[PDB]
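Enquirer:
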Amino acid sequence: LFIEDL
Amino acid sequence: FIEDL
Amino acid sequence: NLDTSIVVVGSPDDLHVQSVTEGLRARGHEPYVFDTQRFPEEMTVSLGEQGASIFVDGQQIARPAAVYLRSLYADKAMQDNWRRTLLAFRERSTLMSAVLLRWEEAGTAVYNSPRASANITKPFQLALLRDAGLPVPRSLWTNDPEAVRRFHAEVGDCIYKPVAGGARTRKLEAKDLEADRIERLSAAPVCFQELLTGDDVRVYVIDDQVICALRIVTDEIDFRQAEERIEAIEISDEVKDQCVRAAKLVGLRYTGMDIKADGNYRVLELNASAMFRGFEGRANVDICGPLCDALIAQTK
Amino acid sequence: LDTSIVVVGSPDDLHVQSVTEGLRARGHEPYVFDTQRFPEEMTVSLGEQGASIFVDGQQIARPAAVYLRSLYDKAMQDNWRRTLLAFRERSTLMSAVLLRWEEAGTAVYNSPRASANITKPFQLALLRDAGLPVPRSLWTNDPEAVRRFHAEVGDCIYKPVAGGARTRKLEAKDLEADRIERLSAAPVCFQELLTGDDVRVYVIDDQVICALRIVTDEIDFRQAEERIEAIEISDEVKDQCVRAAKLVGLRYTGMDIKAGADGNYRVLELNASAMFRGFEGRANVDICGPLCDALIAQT
Numbered sequence: 001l002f003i004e005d006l
Numbered sequence: 002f003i004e005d006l
Numbered sequence: 003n004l005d006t007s008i009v010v011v012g013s014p015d016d017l018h019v020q021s022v023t024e025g026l027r028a029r030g031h032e033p034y035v036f037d038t039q040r041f042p043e044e045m046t047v048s049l050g051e052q053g054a055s056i057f058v059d060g061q062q063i064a065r066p067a068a069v070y071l072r073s074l075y085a086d087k088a089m090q091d092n093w094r095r096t097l098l099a100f101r102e103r104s105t106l107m108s109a110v111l112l113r114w115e116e117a118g119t120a121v122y123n124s125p126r127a128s129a130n131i132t133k134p135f136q137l138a139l140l141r142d143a144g145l146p147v148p149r150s151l152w153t154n155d156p157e158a159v160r161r162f163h164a165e166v167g168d169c170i171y172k173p174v175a176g177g178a179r180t181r182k183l184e185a186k187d188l189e190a191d192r193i194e195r196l197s198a199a200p201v202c203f204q205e206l207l208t209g210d211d212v213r214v215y216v217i218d219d220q221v222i223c224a225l226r227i228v229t230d231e232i233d234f235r236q237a238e239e240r241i242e243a244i245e246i247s248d249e250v251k252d253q254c255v256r257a258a259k260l261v262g263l264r265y266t267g268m269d270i271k272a275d276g277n278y279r280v281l282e283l284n285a286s287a288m289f290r291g292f293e294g295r296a297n298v299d300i301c302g303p304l305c306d307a308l309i310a311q312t313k
Numbered sequence: 004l005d006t007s008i009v010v011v012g013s014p015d016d017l018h019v020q021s022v023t024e025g026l027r028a029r030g031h032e033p034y035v036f037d038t039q040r041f042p043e044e045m046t047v048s049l050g051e052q053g054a055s056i057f058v059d060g061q062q063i064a065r066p067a068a069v070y071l072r073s074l075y086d087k088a089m090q091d092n093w094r095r096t097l098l099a100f101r102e103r104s105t106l107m108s109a110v111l112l113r114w115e116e117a118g119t120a121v122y123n124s125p126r127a128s129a130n131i132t133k134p135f136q137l138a139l140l141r142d143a144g145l146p147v148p149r150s151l152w153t154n155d156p157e158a159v160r161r162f163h164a165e166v167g168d169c170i171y172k173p174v175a176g177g178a179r180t181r182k183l184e185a186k187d188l189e190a191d192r193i194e195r196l197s198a199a200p201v202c203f204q205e206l207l208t209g210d211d212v213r214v215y216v217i218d219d220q221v222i223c224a225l226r227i228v229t230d231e232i233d234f235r236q237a238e239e240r241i242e243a244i245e246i247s248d249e250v251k252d253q254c255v256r257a258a259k260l261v262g263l264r265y266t267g268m269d270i271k272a273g274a275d276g277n278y279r280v281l282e283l284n285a286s287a288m289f290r291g292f293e294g295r296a297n298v299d300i301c302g303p304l305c306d307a308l309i310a311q312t
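Going line by line, the protein sequences match chains G, H, B and A. The letter at position 3 of the first sequence is residue 3 when you use the authors' numbering, and the numbering goes up by one with no holes. Residues are numbered in the authors' numbering as their position in the second sequence, beginning at 1, plus a constant of 1. Residue numbering for the third sequence is 3 to 75, 85 to 272, 275 to 313, as defined by the authors' numbering. Residue numbering for the fourth sequence is 4 to 75, 86 to 312, as defined by the authors' numbering.
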C-alpha cells in the first residue's frame, strides 16, 4: 500500500 | 452456536 | 452529472438504484449516481479541511439537497493478510463516511443517514421503542445458558436468531437447550425471542407519512418452493402514528417497519434500507413514487 | 455492588487504576466493567425493555456516570468470515449496553456516539467550519490532488486516514509515480508540516483543566523522553477549546494543538479517550481528580 507501515 | 454463520 | 443536487449512493447495477434513478428521471430530475463500490481503484475522492471541499472525479459536491443511501461498501486478499486488508478497508470506508457526514452537517437531507446505525443496533432499537410505549417481542440477548433456560421456562415456544443478522432464524427446540450446544453461547451471544404466531406486516414510512401497510402471506406452490403474496391493507390511525413515532425516534426518513401479530401487532425491527420492488409488484402498490417525491421536495 | 459510577476497561489498565483509586479516595467504589472477558468469563443479558440489563445476574439499568476507557489471531487465519461475525455479535451487545445507559440519562464520559464525530476528515471539518484553526489538510487517493497540494503548501506529511502508522514526511521520491500511484489501493491523509510546539489542553464538562507544552529531550544514544510542562493560555483560547469539545460532543477531552511557523495554534485532533498519567506528574496538574469529581457530581 502507499503507507508501507500498515 | 448458530451454524449458518 | 454537472447537477449534483440529488445524489443516489449505490451501484447503477443495483435494482433499487435503477428504480429510484428512473422514477426521478420521469419527474424531470436526472440524479447524480455516486458509485461508491468503485472508489479507490477507479474513482477519486478528495477532502479538504473545509467541509465543502468534497471532490469526486475532480468535481466539487459540497451539499446535495438530498441523498438516497442504498449502500456505501475477489477478497482472497483477506485469506492472504487479514490485518492489512482490514486496515485498508477502514481507510476506504472512513473517507466515504466522512463525505456523507459532511453532507449531513452542511444541511443535506440524507434519506437514512449513516448516523442512525447506532440506533439501529437490534438490542437498542427494541429497547428504544419498548421504553417509548410500543409493543415488541419478549426478547433476550445473552451469553448465559441459565438465563435462557429461565427465558424458556417463562415464555415457552420461542426462537433464536443472530444478534446482528447473518443467518436465518431457527426455532429453539429442546435439543438446542442441551448442554452440548447451549454452552456454546460462551463463544458469542445470541438473540432469543418469543414465538409470534400472527401475520407479517410491513409499513413504509417516508417523512412522517405512512405510505402503505402490506400483508405478506405465503402460498406453497412446488416442492419446497413457496411464493409470497402481498396485500395492500389499511391500519388503525393510532398505529399509523405509532409507526411514525418509531421512524422519528430511531431517526429514519424512509423506513420499512416490520410488525408481526393475541391478534395485535408488535414491532420487531425498523430497516434503515428496506427494499421495495418485491412489494411494488406483488400488490401493485407504489413506494418508489413517494420516495422520489420526498427527494424532489428537498430541492425546494 | 454500587453501580452508580461504572468504569469500563480492564483492571490491568493503569488508567482505570488511577480513576478507581481516585474514586475510592472520595467515598465511591466503582464497578469496573472488564469487557475483555465478555464472551467467556462473564454473562450479559438484555431484555426487550431498556432496564433489563444484567451482568452476572446483577442488573445495571442506569448508572449515574460511566467512564469509558475501552470496549474491545489464528482463529482469523483459519476462518476469517466467521471470526468477524462473532466479534461483531459481541461488540453489538456491548455497544447496546452503553447506548441504553446513555438513553436512560447516564453521564457517559465520552459516549460511543462520539465515534461518528471522531473521524478526522469530519472532525477537522467541524472545527474548521466553526472558525477554529486546523492545519491545511487533504484526504485523497488522487496523485494530481497531492501534487497540487504539495505545490500549494510546501513541506508536507502523510499519515493513514484513520490512524495506524507513524506519520512520515513527504519526499520527492514519494511524488515519483512509482510510489504515488499506489494511492489507488487506499487513500492517505496529507498535511502541511507544522513547525511549532506540541500543546495539549484538557477539558472536562466545559471547563479547561490545564494546558501542557510537550517537548522532548535527548537522554541516551537515539533515545528521547517527553517533558510535559504547564503553560498559560488566554481566556480566548480557553473558550475555543471548550467550544471545540462541545462541538465534537465530548465530556472529557485531551485536545492536541500546535503552534506553526507563526507561533499560533492549530487544533490537530480531539481525542475521545485521552490518557493523562504521563502528563500530570512534572506539570503538577491533576487531571484524574477533576475527572473523578465530575463523575461523582452526577450522583
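For every residue, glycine included, the Cβ atom is placed at its ideal position computed from N, Cα and C.
Give me the chain B residues within the contact set of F292/A, using Cβ-Cβ distance strictly less than 9 Å, ordered along the chain.
Expert: Neighbours of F292/A on chain B: none; closest Cβ ~27 Å, over 9 Å.
Enquirer: Verify the CB distance criterion: does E249/B have a CB-CB separation below 8 Å to chain A?
Expert: no
Enquirer: According to DSSP, is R160/B helix, strand or coil?
Expert: helix
Enquirer: Assign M268/A to buried or exposed, taking buried as 16 or more other Cβ atoms, counted over all protein chains shown, within 10 Å of its Cβ.
Expert: buried
Enquirer: What are the uninterrupted segments assigned as alpha helix (DSSP H) that are 4 or more residues long and contained completely in the segment 105 to 143 of chain A, given in chain order?
Expert: 127 to 131, 133 to 142
Enquirer: Between the segment 196 to 210 of chain B and chain H, which residues of the former have a C-beta closer than 8 Å to a C-beta of the latter?
Expert: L196, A198, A199, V201
Enquirer: Could you name the residues that DSSP lists as bridge partners for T266/B?
Expert: The partner list for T266/B (beta bridge, DSSP) reads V216/B.
Enquirer: Determine whether the beta carbon atoms of residue 322/B and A307/B lie at a separation below 8 Å.
Expert: Outside the modelled stretch of chain B, which goes from 3 to 313, sits residue 322/B, for which no answer is possible.
Enquirer: So who's on the other strand from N284/B, going by DSSP bridges?
Expert: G267/B
Enquirer: Taking the alpha-carbon positions, what's the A198/A to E249/A distance?
Expert: 43 Å
Enquirer: Please classify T153/A: does DSSP put it in a helix, a strand, or coil?
Expert: In the structure shown, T153/A sits in a strand (DSSP, three-state: E or B).
Enquirer: With 8 Å set as the bound, which would you pick, yes or no: does the beta-carbon of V174/B sit closer than that to a beta-carbon of chain A?
Expert: yes
Enquirer: Mind checking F135/B: buried by the 16 CB within 10 Å criterion, or exposed?
Expert: buried
Enquirer: Straight-line CA distance for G118/A to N297/B?
Expert: 45 Å
Enquirer: Considering only the beta carbon of each residue, do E51/A and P148/A sit closer than 8 Å?
Expert: no
Enquirer: Okay, do the segment 231 to 240 of chain B and the segment 179 to 195 of chain B touch, 3+ Cβ pairs below 8 Å being the bar?
Expert: no
Enquirer: Measure the Cβ-Cβ separation of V228/A and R213/A and say whether it is below 8 Å.
Expert: no
Enquirer: For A272/B and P146/B, what's the separation of their Cα atoms in angstroms?
Expert: 10 Å
Enquirer: Measure the Cβ-Cβ separation of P42/B and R103/B and say whether it is below 8 Å.
Expert: yes
Enquirer: Cβ closer than 9 Å: which chain H residues qualify as neighbours of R179/B?
Expert: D5, listed in chain order.
Enquirer: Taking DSSP's pairing of strands, which residues face residue 1/B in a bridge?
Expert: Any answer about residue 1/B is impossible in this case: the structure gives chain B only from 3 up to 313.
Enquirer: Mind listing the chain G neighbours of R192/A? Cutoff is C-beta to C-beta under 8 Å, in chain order.
Expert: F2
Enquirer: Is it buried or exposed for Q311/B, if we count other Cβ within 10 angstroms and need 16 for buried?
Expert: buried
Enquirer: Between which two residues does the alpha helix (DSSP H) containing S21/A stretch?
Expert: In this chain, the alpha helix (DSSP H) harbouring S21/A covers 17 to 27.
Enquirer: Kindly confirm or deny that the segment 23 to 39 of chain B and the segment 3 to 10 of chain B touch, where touching means at least three C-beta pairs closer than 8 Å.
Expert: yes
Enquirer: Once you ignore the five residues that flank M89/A on each side, which residues in its own chain have a CB closer than 6 Å to its CB?
Expert: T96
Enquirer: In three-state terms, what does DSSP make of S197/A?
Expert: If DSSP states are grouped into helix, strand and coil, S197/A belongs with the helices.
Enquirer: Taking the continuous beta strand (DSSP E) assigned at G50/A, which residues delimit it?
Expert: Its beta strand (DSSP E) spans residues 47 to 50.
Enquirer: Give a yes or no on whether the minimum CB-CB distance between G50/A and chain B is below 8 Å.
Expert: yes
Enquirer: Kindly indicate if chain G contains any beta-carbon less than 8 Å away from that of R103/B.
Expert: No, no contact with chain G.
Enquirer: Does any CB atom of chain G fall closer than 8 Å to the CB of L98/B?
Expert: Interface residue (Cβ-Cβ distance to chain G less than 8 Å): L98/B is classified as such.
Enquirer: Just the Cα atoms here: how many angstroms apart are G167/B and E24/B?
Expert: 49 Å
Enquirer: Output the boundary residues of the alpha helix (DSSP H) element that contains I309/B.
Expert: From DSSP, the alpha helix (DSSP H) with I309/B extends over 301 to 311.
Enquirer: Going by Cα to Cα distance, which pick from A164/A, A99/A, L281/A is closest to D5/H?
Expert: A99/A
Enquirer: Start and end of the beta strand (DSSP E) containing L71/A?
Expert: 68 to 71
Enquirer: Looking at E238/A and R295/A, is the spacing between their C-beta atoms short of 8 Å?
Expert: no
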